[PDB]
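Visitor: Here is the sequence, then the experimental structure:
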Amino acid sequence: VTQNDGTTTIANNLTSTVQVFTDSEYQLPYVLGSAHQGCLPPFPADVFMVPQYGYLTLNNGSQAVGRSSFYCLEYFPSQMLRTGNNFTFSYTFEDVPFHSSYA
Amino acid sequence: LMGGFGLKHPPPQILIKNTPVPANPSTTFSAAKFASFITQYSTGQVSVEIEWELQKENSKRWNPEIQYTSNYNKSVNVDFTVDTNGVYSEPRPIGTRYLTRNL
């Protein structure tokens, strides 16, 4: 996006890249456990914004205890994708008891 | 509750005893059991060897951990070492939890 005293114009950038990684070793704070917004919308016609990623650690008051560990995500291997690349991964669930829908 | 590994079949107990040796039984026969023995004790080495299995530490935390470090300040007696009279002393209890995993 280019802004010049208003009238900003969007022009596709072919060369730039988008980098994606799935941890799969569970070495990151797991944010997904709690209910939050920004999931895929219910109704497929919608278009959704991808939510930001942050995390909390141990603390005393507002100050940080030496225990708190700060993770840098840049430090994992991640696949980089220009226009015309696709990133696909497959996951298999461990066996878990049925959910009981009966009353 | 104290700590450690609850086992259903613990390492079996090893019990040891000196076989009693009678001392100078009288010539004429008497049914009452011996009240007097040789006074003796035994001694020797004992060797215990345990093979521990470990869980290697694999993490991505950026900043440095906390470690167990003996302080570098000069003192009368080094910690975990004999004193001038030969009495070995443990200065402080050492818990096992230092490395940090995210919850």
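Guide: Nice, I can see it. Numbering: from 1, shown residues only, chains lettered A, B, ... in the order given.
Visitor: Quick check: residue A:74 is in a strand.
Guide: No. Counting by DSSP: H, G, I helix; E, B strand; the rest coil, residue A:74 is not part of a strand but helix.
Visitor: Give me the distance between it and chain B.
Guide: Distance of residue A:74 to chain B, computed by Cβ to the nearest Cβ, to the nearest Å: 9 Å. To be clear about C-beta, it is placed using only N, CA and C from the backbone, and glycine gets the same treatment.
Visitor: same check, this time on residue A:55
Guide: Distance from residue A:55 to chain B, counting by Cβ to the nearest Cβ: 8 Å.
Visitor: Who are the contact partners of that residue?
Guide: Taking Cβ atoms under 8 Å, 6 or more residues apart in numbering or on different chains, we find residue A:55 in contact with A:28-29, A:31, A:71.
Visitor: can you rerun that using 6 Å?
Guide: residue A:29 (Cβ atoms under 6 Å, 6 or more residues apart in numbering or on different chains).
Visitor: Chain B contacts on chain A?
Guide: Applying Cβ under 6 Å from any Cβ of the partner chain, we find that chain A lies next to chain B at A:27, A:29, A:69-70, A:72, A:75.
Visitor: Where neighbours are concerned, which of those residues has the most?
Guide: residue A:69 (19 neighbours; other Cβ atoms under 10 Å in any protein chain shown).
Visitor: Just want the phi and psi numbers for the residue lying closest to residue B:82 once chain neighbours are set aside.
Guide: Counting by Cβ to Cβ, 6 or more residues apart in numbering or on different chains, residue B:82 lies nearest to residue B:88, which is 5.2 Å off, once chain neighbours are set aside. Dihedral angles of residue B:88 (phi, psi; degrees, to the nearest 10) stand at phi -70, psi 130.
Visitor: residues from chain B in reach of chain A?
Guide: B:60-63, B:100, B:102.
Visitor: Dump those to TSV, plus distance to residue B:51, secondary structure and neighbour count.
Guide: Shown next, in TSV, are the residues of chain B next to chain A (distance: Cβ to Cβ, whole Å; DSSP: H, G, I helix; E, B strand; the rest coil; neighbours: other Cβ atoms under 10 Å in any protein chain shown):
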residue	distance to residue B:51	secondary structure	neighbour count
B:60	30	coil	15
B:61	30	coil	17
B:62	35	coil	12
B:63	34	coil	10
B:100	27	coil	17
B:102	30	coil	15
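Visitor: from the residues you listed, which is closest to residue B:17?
Guide: For the residues of chain B next to chain A, the closest approach to residue B:17 (Cβ to Cβ) belongs to residue B:100, at 49.1 Å.
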